[PDB]
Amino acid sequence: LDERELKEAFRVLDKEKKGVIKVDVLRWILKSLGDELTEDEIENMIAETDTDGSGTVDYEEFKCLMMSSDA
């Protein structure tokens, strides 16, 4: 992922312009655009993203998710 694209995505999803993405946005995304995800799977994917359980995704957390390579 181009970091320019990452920064643009973060800006778009930071609705309050507070420097974070609220977990509600992620929940909304997974619930509405996700395909038959369970509520526990949604909570798991949220937890995978917001790693400190702050209820907000900061840019470092966002980058960790988006730019990670597991191969």
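Numbering starts at 1 and follows the sequence shown.
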Return whichever of 51-59 and 6-14 has the greater mean Cα B factor according to the PDB record.
-> 51-59
Looking at the entry, does 28-36 or 42-50 show the higher mean C-alpha B-factor?
-> 28-36
Tell me, lowest, middle or highest third: where does the Cα B factor of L1 rank within its chain?
-> highest
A71's Cα B-factor: lowest, middle or highest third of the chain?
-> highest
